[PDB]
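Structure file entry_4.pdb (PDB, C-alpha atoms) is printed below.
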MODEL        1
ATOM      1  CA  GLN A   1      53.824  89.375  55.881  1.00  0.00           C
ATOM      2  CA  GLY A   2      50.621  90.545  54.093  1.00  0.00           C
ATOM      3  CA  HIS A   3      50.322  92.677  50.875  1.00  0.00           C
ATOM      4  CA  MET A   4      50.290  96.317  49.575  1.00  0.00           C
ATOM      5  CA  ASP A   5      47.290  98.547  48.477  1.00  0.00           C
ATOM      6  CA  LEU A   6      45.294  97.750  51.668  1.00  0.00           C
ATOM      7  CA  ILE A   7      43.335 101.037  51.028  1.00  0.00           C
ATOM      8  CA  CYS A   8      41.317  99.415  48.138  1.00  0.00           C
ATOM      9  CA  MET A   9      42.037  95.941  46.649  1.00  0.00           C
ATOM     10  CA  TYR A  10      40.746  95.664  43.036  1.00  0.00           C
ATOM     11  CA  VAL A  11      38.251  92.748  42.881  1.00  0.00           C
ATOM     12  CA  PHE A  12      38.682  90.770  39.595  1.00  0.00           C
ATOM     13  CA  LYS A  13      36.066  88.112  38.640  1.00  0.00           C
ATOM     14  CA  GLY A  14      38.752  85.696  37.417  1.00  0.00           C
ATOM     15  CA  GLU A  15      40.433  87.923  34.786  1.00  0.00           C
ATOM     16  CA  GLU A  16      37.638  90.546  34.218  1.00  0.00           C
ATOM     17  CA  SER A  17      37.566  93.717  36.402  1.00  0.00           C
ATOM     18  CA  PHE A  18      34.479  93.155  38.641  1.00  0.00           C
ATOM     19  CA  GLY A  19      34.735  96.036  41.163  1.00  0.00           C
ATOM     20  CA  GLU A  20      36.573  97.300  44.295  1.00  0.00           C
ATOM     21  CA  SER A  21      36.757  96.244  48.010  1.00  0.00           C
ATOM     22  CA  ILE A  22      34.810  98.921  49.995  1.00  0.00           C
ATOM     23  CA  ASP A  23      33.557  96.949  53.101  1.00  0.00           C
ATOM     24  CA  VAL A  24      33.716  93.422  54.734  1.00  0.00           C
ATOM     25  CA  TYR A  25      30.908  92.031  57.034  1.00  0.00           C
ATOM     26  CA  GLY A  26      30.646  88.397  58.298  1.00  0.00           C
ATOM     27  CA  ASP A  27      31.073  85.874  55.426  1.00  0.00           C
ATOM     28  CA  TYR A  28      30.645  88.577  52.684  1.00  0.00           C
ATOM     29  CA  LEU A  29      33.148  90.912  50.985  1.00  0.00           C
ATOM     30  CA  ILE A  30      31.117  94.045  50.036  1.00  0.00           C
ATOM     31  CA  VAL A  31      32.347  94.843  46.496  1.00  0.00           C
ATOM     32  CA  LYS A  32      31.337  98.277  45.101  1.00  0.00           C
ATOM     33  CA  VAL A  33      30.220  97.704  41.456  1.00  0.00           C
ATOM     34  CA  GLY A  34      28.780 100.464  39.178  1.00  0.00           C
ATOM     35  CA  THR A  35      26.308 102.181  41.592  1.00  0.00           C
ATOM     36  CA  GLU A  36      25.380  99.265  43.973  1.00  0.00           C
ATOM     37  CA  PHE A  37      27.129  96.844  46.408  1.00  0.00           C
ATOM     38  CA  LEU A  38      27.556  93.127  45.438  1.00  0.00           C
ATOM     39  CA  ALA A  39      28.310  91.219  48.691  1.00  0.00           C
ATOM     40  CA  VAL A  40      30.355  88.259  47.353  1.00  0.00           C
ATOM     41  CA  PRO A  41      30.716  85.113  49.665  1.00  0.00           C
ATOM     42  CA  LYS A  42      34.263  84.174  50.965  1.00  0.00           C
ATOM     43  CA  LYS A  43      34.061  80.873  48.959  1.00  0.00           C
ATOM     44  CA  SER A  44      34.134  83.051  45.788  1.00  0.00           C
ATOM     45  CA  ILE A  45      37.467  84.768  46.828  1.00  0.00           C
ATOM     46  CA  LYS A  46      40.190  82.517  45.328  1.00  0.00           C
ATOM     47  CA  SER A  47      43.413  84.361  46.303  1.00  0.00           C
ATOM     48  CA  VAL A  48      44.271  87.755  47.852  1.00  0.00           C
ATOM     49  CA  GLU A  49      46.807  89.223  45.374  1.00  0.00           C
ATOM     50  CA  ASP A  50      49.189  92.163  46.068  1.00  0.00           C
ATOM     51  CA  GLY A  51      46.521  94.896  46.108  1.00  0.00           C
ATOM     52  CA  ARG A  52      43.904  92.772  44.240  1.00  0.00           C
ATOM     53  CA  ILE A  53      41.165  90.203  45.108  1.00  0.00           C
ATOM     54  CA  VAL A  54      40.703  87.411  42.519  1.00  0.00           C
ATOM     55  CA  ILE A  55      37.203  85.930  43.017  1.00  0.00           C
ATOM     56  CA  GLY A  56      35.769  83.047  40.969  1.00  0.00           C
ATOM     57  CA  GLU A  57      32.035  82.405  40.559  1.00  0.00           C
ATOM     58  CA  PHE A  58      29.042  83.077  42.862  1.00  0.00           C
ATOM     59  CA  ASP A  59      25.229  83.565  42.759  1.00  0.00           C
ATOM     60  CA  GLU A  60      25.185  87.238  41.653  1.00  0.00           C
ATOM     61  CA  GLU A  61      21.413  87.810  42.248  1.00  0.00           C
ATOM     62  CA  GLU A  62      21.769  86.389  45.818  1.00  0.00           C
ATOM     63  CA  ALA A  63      24.945  88.487  46.526  1.00  0.00           C
ATOM     64  CA  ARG A  64      22.927  91.483  45.201  1.00  0.00           C
ATOM     65  CA  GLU A  65      19.820  90.990  47.477  1.00  0.00           C
ATOM     66  CA  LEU A  66      21.864  90.323  50.674  1.00  0.00           C
ATOM     67  CA  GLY A  67      24.023  93.214  49.451  1.00  0.00           C
ATOM     68  CA  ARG A  68      20.952  95.567  49.664  1.00  0.00           C
ATOM     69  CA  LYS A  69      20.001  93.760  52.935  1.00  0.00           C
ATOM     70  CA  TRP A  70      23.431  95.097  54.062  1.00  0.00           C
ATOM     71  CA  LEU A  71      22.271  98.565  52.749  1.00  0.00           C
ATOM     72  CA  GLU A  72      19.454  98.157  55.378  1.00  0.00           C
ATOM     73  CA  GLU A  73      21.596  96.865  58.350  1.00  0.00           C
ATOM     74  CA  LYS A  74      24.508  99.385  57.792  1.00  0.00           C
ATOM     75  CA  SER A  75      22.294 102.060  59.511  1.00  0.00           C
ATOM     76  CA  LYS A  76      23.803 100.804  62.840  1.00  0.00           C
ATOM     77  CA  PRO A  77      26.790 102.947  64.253  1.00  0.00           C
ATOM     78  CA  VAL A  78      30.371 101.912  63.272  1.00  0.00           C
ATOM     79  CA  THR A  79      31.488  99.196  65.776  1.00  0.00           C
ATOM     80  CA  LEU A  80      31.861  96.336  63.168  1.00  0.00           C
ATOM     81  CA  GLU A  81      35.391  95.033  63.985  1.00  0.00           C
ATOM     82  CA  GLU A  82      35.221  91.919  61.720  1.00  0.00           C
ATOM     83  CA  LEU A  83      36.062  94.182  58.687  1.00  0.00           C
ATOM     84  CA  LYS A  84      39.584  94.622  60.174  1.00  0.00           C
ATOM     85  CA  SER A  85      41.448  91.601  58.751  1.00  0.00           C
ATOM     86  CA  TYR A  86      45.287  91.533  58.484  1.00  0.00           C
ATOM     87  CA  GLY A  87      45.350  89.893  55.028  1.00  0.00           C
ATOM     88  CA  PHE A  88      47.345  86.848  56.243  1.00  0.00           C
ATOM     89  CA  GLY A  89      47.330  85.487  52.632  1.00  0.00           C
ATOM     90  CA  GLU A  90      51.126  85.380  52.200  1.00  0.00           C
ATOM     91  CA  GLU A  91      50.548  83.588  48.847  1.00  0.00           C
ATOM     92  CA  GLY A  92      49.193  85.182  45.646  1.00  0.00           C
ATOM     93  CA  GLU A  93      50.500  86.451  42.255  1.00  0.00           C
ATOM     94  CA  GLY A  94      53.991  86.168  43.827  1.00  0.00           C
ATOM     95  CA  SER A  95      55.925  85.452  47.056  1.00  0.00           C
TER      96      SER A  95
ENDMDL
END

Serialized structure, structure tokens:
Amino acid sequence: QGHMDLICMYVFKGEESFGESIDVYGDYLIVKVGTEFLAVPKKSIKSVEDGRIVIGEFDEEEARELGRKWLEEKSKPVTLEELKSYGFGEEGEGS
């Protein structure tokens, strides 16, 4: 059960290459794009693929500002356990 490439799942905005999964906090997947961190909401993530994350649509400017709000709060020492998710999405590109 689960998927491969747990080290870094490639986040695709539908079909287009959006970014890469770097961090996960609360209800936001921190996606590293270009130079900055776009924190996409879980409602955007459609399906966890085998080493990929297909997301749909989301308010980019909002995900960007609460992304840099994460750049403020990340100053706290590493005890965030909510990042550690198994990837129970047995479905995806194949089964």

* Exactly which residues make up the result of the PyMOL selection byres ((chain A and resi 31-48) around 7) on this file, given as a list in words? ->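 On the file shown, the PyMOL selection byres ((chain A and resi 31-48) around 7) covers residues 18, 19, 20, 21, 22, 27, 28, 29, 30, 49, 50, 52, 53, 54, 55, 56, 57, 58, 63, 64, 66, 67, 89 and 92 of chain A.
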
Report, as lines of an AutoDock Vina configuration file, the centre and edge lengths in Å (one decimal) of the axis-aligned box enclosing every listed atom of region 1-14 of chain A, padded by 8 Å on each side.
center_x = 44.9
center_y = 93.4
center_z = 46.6
size_x = 33.8
size_y = 31.3
size_z = 34.5

* **Point-to-point distance in Å for CA of residue 78 (chain A) and CA of residue 62 (chain A)** =>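 Interatomic distance here is 24.9 Å.
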
* **Straight-line distance linking CA of residue 8 (chain A) with CA of residue 68 (chain A), stated in Å to one decimal** =>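 Rounded to one decimal, the two atoms are 20.8 Å apart.
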
* What gap, in Å, lies between CA of residue 95 (chain A) and CA of residue 13 (chain A)? -> 21.7 Å
